[PDB]
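Heads up, what comes next is one protein chain in two forms, each shown on its own as structure tokens, labelled structure 1 and structure 2.
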Structure 1
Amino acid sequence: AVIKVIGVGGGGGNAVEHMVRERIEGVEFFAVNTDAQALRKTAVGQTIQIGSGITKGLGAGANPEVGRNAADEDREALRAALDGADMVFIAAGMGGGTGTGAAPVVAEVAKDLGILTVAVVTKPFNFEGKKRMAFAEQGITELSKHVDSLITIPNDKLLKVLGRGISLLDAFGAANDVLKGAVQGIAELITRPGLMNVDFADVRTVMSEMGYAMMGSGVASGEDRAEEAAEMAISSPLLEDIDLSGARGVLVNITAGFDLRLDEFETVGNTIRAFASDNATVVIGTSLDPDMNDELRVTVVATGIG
């Protein structure tokens, strides 16, 4: 499996840098930006400059029009980077000029190539202002036209569960971890399975041409960890208002060490199928993280929600 993760713009590039640091098994990372300096800074091993860096006016690059035109002009470079992938993840912070405008073009290029294309993006914090929130939603409207699944993370919802005198860096770190959670949860079912390997056709079925999606995750240790982690995932703040019996698809990743047991696989699957519909596709897989000993994580991606 060839899986590529593309960070688009400053925010997405920061999120993908977090994914590089904290590791996602068996994926290739890319950063796509108008900002040549940013691409020079980044730890991402593959970079793609779009638009070659021409602005017209101080702050003119905050307009999504600029990101869209830049990616439009460099569609051939994007296609050469994406081609050969079985799956593409697009990460972006929506609301700025580059991510908002260029992420839907990156998605369109991937989708036109026949690649299963999953976007995981954020909306700005409320304190960033109404102009950025409006740009973000307009970009998400365009992005939804060109992806198989779209997971939109409201940064403002993350901010409320963080409180305190958190730094802005940690505020964006919280969004980064959610984005990583979603990408890693989907991709590692393919790139490093555990005792139960998912068929890629099933991943395609739950994610393909599905529209809106949402991710929740949970972790637990000890004897009841499998049921505990599944329940925490189901009840996480991101999934709590999703009726899981209204999701057209559910993809579940159980991640644990070598000591994952078959009966734990069965428990998690039975729990998830108790909340989902039989008129839905439910896919349960495992990933192996040899560094985990006692802990078990369940990540749930609900797709085709409305």
Structure 2
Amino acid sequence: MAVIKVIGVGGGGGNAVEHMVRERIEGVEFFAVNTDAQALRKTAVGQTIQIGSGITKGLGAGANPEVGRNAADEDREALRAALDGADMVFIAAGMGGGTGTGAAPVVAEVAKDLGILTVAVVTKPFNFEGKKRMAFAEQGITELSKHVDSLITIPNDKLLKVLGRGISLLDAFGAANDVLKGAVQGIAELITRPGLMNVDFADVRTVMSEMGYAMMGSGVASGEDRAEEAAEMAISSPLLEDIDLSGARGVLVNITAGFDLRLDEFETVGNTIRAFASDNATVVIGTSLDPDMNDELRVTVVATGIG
């Protein structure tokens, strides 16, 4: 009965959501939001929303965060009616662009005023993307912060540590689809595919509402040490590198396994987490169930209220 919506804001936001739509996230609703009307039909999302029938002529706000923000501020009604009835919204945007940097904080402000739990998941641009683009994405993230419960930042420069040599631009870019997707799929699935130690929506609102800056990390592992090792990969993740795990106001943990999860594996994940987090922090550890999983484990960690 919970309603989860994911909003791909911008050109690269709609890229990631198109990939979440193709790869399927279970029990959520996907929307695509952009100024570029051309690429807003050349996507099989199913819910298309162009911001600015007028303020833009169906063209694209190229590297344009000024009228990208204005383009959004011109149909704050088109946004509101697609939002209505949501318990939770995911705003997935490529930061440092034009249309995505200005609309995402507007999109987030509407959902916040409708009382929707607003999580923004956004990507800091690369190196080869340059310094005008990256400093763009700082002004978006600080404008986004003033209108979200939780803001997960993933800096794309972290991906070049796991991206091999000779990978193309397209490679470096579907890779950033996946970190956005994982950040949405590892949160939503506590709600949509809950396991036998469940995290309901209220537990989620608590770790994540009015909390601000957030960061996340994931691990997989199989065999006899899958729990110790997946946890170590998640606490050690580079996407989480910049953060004193101990300094977050909250930690949300999602153990994704499939039935054969041992009582003392849950032990292991829990105590590892409890050691690297503050004894006062809102610590929420539960599982999601994937029956198609056997002898392998996945752990997802999101550290909230890091700011």
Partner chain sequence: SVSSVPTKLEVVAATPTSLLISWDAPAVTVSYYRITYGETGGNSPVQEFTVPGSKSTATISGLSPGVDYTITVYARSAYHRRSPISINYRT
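Just so we're on the same page, rigid core means the largest C-alpha set that superposes within 1.5 Å between forms. Residues are numbered by position in structure 1's sequence, first residue being 1.
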item	value
Structure corresponding to the form deposited without its partner chain	1
Large Cα shift (2 Å or above) at residue 261 between structure 1 and structure 2, core-fitted	yes
Threshold 2 Å Cα movement between structure 1 and structure 2 for residue 79, core superposed	no
C-alpha of residue 219 off by 2 Å or more between structure 1 and structure 2 on rigid core	no
Residue 59 CA shift between structure 1 and structure 2 in angstrom, with the core used for superposition	7.7
After superposing on the core, C-alpha shift for residue 287 between structure 1 and structure 2 in angstrom	1.1
